[PDB]
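Worksheet: the structure to be examined is printed underneath.
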2 protein chains.
Amino acid sequence: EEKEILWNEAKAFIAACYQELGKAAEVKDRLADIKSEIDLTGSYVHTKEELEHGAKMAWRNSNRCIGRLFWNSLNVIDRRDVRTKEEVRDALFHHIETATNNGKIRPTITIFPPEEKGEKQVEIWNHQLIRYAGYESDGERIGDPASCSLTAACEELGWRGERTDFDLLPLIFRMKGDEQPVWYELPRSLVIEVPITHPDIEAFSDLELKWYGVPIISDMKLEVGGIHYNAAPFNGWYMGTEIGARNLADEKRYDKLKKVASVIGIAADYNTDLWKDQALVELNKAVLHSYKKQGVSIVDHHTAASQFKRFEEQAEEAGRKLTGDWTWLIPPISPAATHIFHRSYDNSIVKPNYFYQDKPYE
Amino acid sequence: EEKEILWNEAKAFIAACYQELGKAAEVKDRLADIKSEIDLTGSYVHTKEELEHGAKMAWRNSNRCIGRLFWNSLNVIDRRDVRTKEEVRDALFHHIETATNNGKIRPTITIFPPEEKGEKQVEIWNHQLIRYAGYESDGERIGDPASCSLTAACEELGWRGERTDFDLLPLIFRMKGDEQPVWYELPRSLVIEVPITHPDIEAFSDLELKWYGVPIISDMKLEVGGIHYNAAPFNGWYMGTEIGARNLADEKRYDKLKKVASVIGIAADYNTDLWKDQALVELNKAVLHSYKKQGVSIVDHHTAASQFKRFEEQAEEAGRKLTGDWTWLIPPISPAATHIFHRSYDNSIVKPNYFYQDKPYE
Ligand code: HEM
Ligand code: HEM
Ligand SMILES: CNCCc1cccc(OCc2ccc3ccc(N)nc3c2)c1
Ligand SMILES: CNCCc1cccc(OCc2ccc3ccc(N)nc3c2)c1
Ligand SMILES: [Cl-]
Ligand SMILES: [Cl-]
């Protein structure tokens, strides 16, 4: 059964992958080899070419991602060789440095050994490799509420945060055979952060806002031809609205709109003044300006949607079905100013792809 | 078959309606009477109470409507007695006057005789009773592009627009047995319009924008207990974003964002300046301000979403399933600033309800 599903997924992936790589003639013999490997071993091992192309296909098939035009330039790092926690740490440190690239962000994925019997070899606890801690006790809220449960789990393990609003969480992961994860503080020299200033409004710096340069999502599973890479952190560059309309704006995140309204000099008293909307726009302008000024890659939602339109055109021209999740593709500010809002998308799930998986804490 | 569907819909509607009206004991005898009427006549006639409550249920079940908290206060006008085109005209004129109510808009529906054998008794051609004409010829675009086909159909019939950007379309409808519709110019004394000014930016009036006071949607079909009221125009008051983020903003409508950017004194050259977003906010602030200043009812999207949350709570408390269309419920500006964005909704279709129907032109 288990063995059956794997073979099926393998046939479908190898056929499609080799077709796109112009290697269609090599399919029959590769499939032969795979069949034997599965019979003999219970699993099979991707070639470097298969793994690289699979990770790229998986990004291409990510319905919720507006940034897919660049799927084929994904930088894929093969770390299936790691066996120790020092190696995993160093690979994660390396991913941060190489993806950051002094501000000129390279979309990158680092791929660790896959689940074996559904048994994880490496289990990453972080949601993103770089993220801020959150605390909630005695009515006191500090940092990022979205990080409260992971922060509490880290502190169970002997980590202690300084309780600023921007404590960097340690890297935290567990190896097969260890009962507990280990944690490592991030070297601050590896982590680019951007202070938020406004191009016109000088008081904006009074808010003392900042955000980190690179979102490196580290808790999703990459599935390629029936092989489950549960540990495979990847990154792009930010779209500005993720920071300005959600991370810094949401009431359940940093909740900064009233403070923004105050520093930009507008009242926050009447819904009809659209003060939240006006605050959102200025905060989002501040975020784009600040990343650009520091030389850290970022895309605004208009440019991003323009790129996505080209992705749609490229899909059509290549003869591939396009899939998408309208509810995630539309940006959270001025969505009707983008073409995405005015059409519909088929939300079918195509593999390879990235999937959610259960958290090991909570 | 036809006769069967009707009876089924009737049983389900009468049972639910009388239950809500505390008239459950009267169901058995009412259903008896209806059964006979259908056998004998092919159809059945709603009581005033059934019709009124059915139209209210239909609004309550409109998945795409954010304004549903007020479903039970719908003003229902029963015009099943009309037989002539002068009567239809006068009923439509009356609806405009009574709904407008000197600016204090009353949500109202005027209900005309229903389809008989699927044969319409009255066929309204207008999308809304009050709307602006649109023209497109020789590269010249004037008025509302959304009105181009209806405008062309009106001019086929001897109507002629002045070719301002805001020509009011005539009322246009067809009676059973007439080969052609008739048209009647709207008396300007019945139509409230609001000039768009900005609370802070005096130059905003240079754009010479205006919009009409009351959206009176006149091309949907009301279905109640298997009876098809294809002619049943209804209105609420506007939510400001419908005018400011769509009618005046969309590239395929009045397309005013570049002109807005110019009068508010910002460049429209770089996506990263978020000039479209900033223009959207100021235009939307202008719209709310202008309606309020003139004493014409309007709701902003924050207040509207707050009302909708109460509608959700009321549904739960009354033991009714809530249905909704997330993609239409979210406002087109700052959607993530509303609770709607952060939850999901079951998009099941429950009857009574309002439905699309084929246009008689195009
Ligand atoms: C190159 C720059 C990129 C940009 C600007 C971009 C933009 C975005 C945005 C805005 C979202 C929505 C996230 C949210 O609202 O929570 C998203 C979702 C997503 N992106 Fe991308 N992305 C990029 C690169 C990548 C890469 C390199 C991958 C993987 C190889 C990826 C895979 C995804 C996935 C899987 C999701 C959905 C996650 C979920 O379901 O929660 N993206 N992207
Ligand atoms: C009282 C004020 C009301 C407000 C503020 C309101 C608000 C809205 C808004 C903003 C939409 C979305 C329209 C679009 O984006 O194209 C909508 C859709 C709708 N509303 Fe309401 N509404 C109100 C009253 C009513 C009334 C009185 C009815 C009928 C009795 C109604 C039935 C509907 C229906 C059927 C739709 C969907 C139409 C379609 O599918 O195209 N609403 N409403
Ligand atoms: C706001 N939704 C949070 C829930 C959630 C859970 C797990 C992963 C996840 O990823 C969002 C995500 C994923 C990949 C991205 C790549 C680039 C980018 N700019 N944003 C990206 C954002 C998001
Ligand atoms: C933007 N969608 C246009 C397509 C379309 C076709 C037919 C009817 C229709 O109604 C939108 C609609 C319906 C009822 C409304 C009631 C009140 C209100 N403020 N807006 C309302 C808006 C909309
Ligand atoms: Cl993020
Ligand atoms: Cl409208």
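Just so we're on the same page: letters track the sequence lines, and every chain starts at 1.
A:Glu282 is not listed as a side-chain neighbour of B:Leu274, based on a closest heavy-atom distance of 4.5 Å or more.
Proximity to chain A (any heavy atom under 4.5 Å) is restricted, for B:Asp273, to the backbone atoms N, CA, C and O. Only the side chain of B:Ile330 comes within contact range of chain A, with at least one heavy atom under 4.5 Å from a heavy atom of that chain. Proximity to chain B involves both the backbone and the side chain of A:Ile333, based on heavy atoms less than 4.5 angstrom apart. Only the side chain of B:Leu280 comes within contact range of chain A, judged by heavy atoms closer than 4.5 Å. Heavy atoms of A:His289 lying under 4.5 Å from chain B are absent altogether.
Crowding of B:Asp200 atom CG: a count of heavy atoms from other residues, nucleotides or ligands under 6.0 Å exceeding 12. For B:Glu362, the CD atom is densely surrounded, since the number of other residues' heavy atoms within 6.0 Å is greater than 12. Summarising the local packing, CZ of B:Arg343 is surrounded by more than 12 heavy atoms from other residues, nucleotides or ligands at distances under 6.0 Å. Heavy-atom neighbours of B:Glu316 CD from other residues, nucleotides or ligands within 6.0 Å: at or below the threshold of 12.
Within residues 237-271 of chain B, the residues having any heavy atom closer than 4.5 Å to a heavy atom of chain A are B:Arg246, B:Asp250, B:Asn271, listed by residue number.
With chain B as partner, the option from A:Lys276, A:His342, A:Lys292 having the largest number of non-hydrogen pairs under 4.5 angstrom is A:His342. For the set A:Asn284, A:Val281, A:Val299, A:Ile298, the entry with the most heavy-atom pairs within less than 4.5 Å of chain B is A:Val281.
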**OP:** Apply side chain to side chain contact (heavy atoms under 4.5 Å, CB included) to A:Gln278 and B:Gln278, showing your working.
**Re:** CA-CA 7 Å; A:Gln278 187 165 348; B:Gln278 187 165 348; over 6 Å; no
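Closest of all the heavy-atom pairs between B:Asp277 and A:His302 is OD1-NE2, 2.8 Å. Across all their heavy atoms, A:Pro335 and B:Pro332 have their closest contact at CD-O, 3.2 Å.
In summary, the side chains of B:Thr272 and A:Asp300 do not present any donor paired with an acceptor at a separation below 3.5 Å, with no hydrogens or angles considered.
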